[PDB]
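Residue numbers (PDB author numbering): 3 to 169. What follows is a single structure, written as C-alpha cells, with notes after it.
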Ligand SMILES: O[C@H]1CCC[C@@H]1Nc1ncnc2[nH]ccc12
Ligand SMILES: [Cl-]
C-alpha cells in the first residue's frame, strides 16, 4: 500500500492520473520523482522547468555541478540526484527529443531506467515539448517498465484521450 490517490489502473504495475506532477510530488513526497531531462540537465521548460521552479532553482544549481563533474548524459540515460522539497530523489531521464531529430527507438532505453526503482512518480517520456506521440509513449511505458509507475498527465484533454485509446 502506498499514498498515491485517484489513479486509474492500466496494468498490474502502471497507473495514470490527470495531474500536475509538481503538485502531486508536493502532496505525496514520493521516494522518486522522474524528471523529463535533457543531456545537459538544463531545466528550462516543460516538466523540467516546472520541477526546477518548484525547487527555487536548487535543482538547476545541483545539476550544473553534476554536469561540470561528469559531462552530459546520454539520450536514453539517466542520473539520480536530490528530490529537494519534492521527493527523496529525482531520477533525471533523457527521452529522445523529436524536435532535435533523436531516434524514437531510444524511448524504450529511457524507460528501462525506471526498472531500477521499485516505485516512481513520472511523466510520459518524450511527450509534450519533446515532440513524440504520447499514445506511443504510454505504450512503450507499459511494455517496458516492470516496477510500479504512477504517471501524471498534465493536460486533461490528453489524459482522457490516453485512457480512451488505451489497449
Ligand atoms: O506527463 C507529462 C509528459 C509530457 C506531457 C505531460 N505534462 C505534464 N503533466 C503533469 N505536470 C506537468 N507539469 C509540467 C508539465 C506537465
Ligand atoms: Cl511538456
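C-beta: ideal position from N, C-alpha, C; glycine also.
Segments assigned alpha helix (DSSP H), at least 4 residues, entirely inside the stretch 34 to 83: Within the stretch 34 to 83, the complete alpha helix (DSSP H) runs of at least 4 residues fall at 48 to 56, 60 to 72.
Own chain residues within Cβ distance below 7 Å of residue 31, not counting five before or after: Along the chain shown, read from residue 1 onward, the residue named residue 31 stands at position 29. Closer than 7 Å at Cβ, skipping near neighbours: 89.
Unbroken beta strand (DSSP E) run spanning residue 93, endpoints: As a working note, residue 93 is residue 91 in the chain shown. Element bounds for residue 93: 91 to 95.
Neighbouring residues (CB closer than 5 Å to any heavy atom of ligand 1): 22, 23, 49, 52, 125, 126, 129, 130, 154, 155, 156
Cβ separation of residue 112 and residue 152, assumed to be a contact under 8 Å, to the nearest whole Å: Stepping through the chain shown from its first residue, residue 112 is reached at position 110. Stepping through the chain shown from its first residue, residue 152 is reached at position 150. With a contact defined as Cβ atoms closer than 8 Å, residue 112 and residue 152 miss out at about 17 Å.
Where the beta strand (DSSP E) containing residue 106 begins and where it ends: Your numbering for residue 106 matches position 104 in the chain shown. Where residue 106 is concerned, there is no enclosing beta strand (DSSP E), given that its DSSP letter is neither H nor E.
Residue 39 to residue 80 span [Cα, whole Å]: Reading the chain shown from its first residue, position 37 is the one you call residue 39. Reading the chain shown from its first residue, position 78 is the one you call residue 80. Their Cα atoms are separated by approximately 8 Å.
Residue(s) in a DSSP beta bridge with residue 121: For this step, residue 121 is matched to residue 119 along the chain shown. 150, per the DSSP bridge assignment.
DSSP three-state assignment for residue 88, whether helix, strand or coil: Here residue 88 is taken as the residue at index 86 of the chain shown, counted from 1. Coil at residue 88, not helix or strand.
Residue 115 to residue 50 span [Cα, whole Å]: Counting from one through the chain shown, the residue named residue 115 turns up at place 113. Counting from one through the chain shown, the residue named residue 50 turns up at place 48. Using only the alpha carbons, I get a separation of about 17 Å.
Nearest candidate by alpha-carbon position, reference residue 165, set 149, 150, 144, 46: Along the chain shown, one-based indexing puts residue 165 at 163. Nearest option by C-alpha distance: 144.
Buried/exposed call for residue 107, threshold 16 Cβ in 10 Å: Reading the chain shown from its first residue, position 105 is the one you call residue 107. That one is exposed.
Chain-order list of residues whose beta-carbon lies under 7 Å from that of residue 68 (same chain, five-residue window excluded): The count along the chain shown starts at 1 and reaches residue 68 at position 66. Answer for residue 68: 43, 81, 83, listed in chain order.
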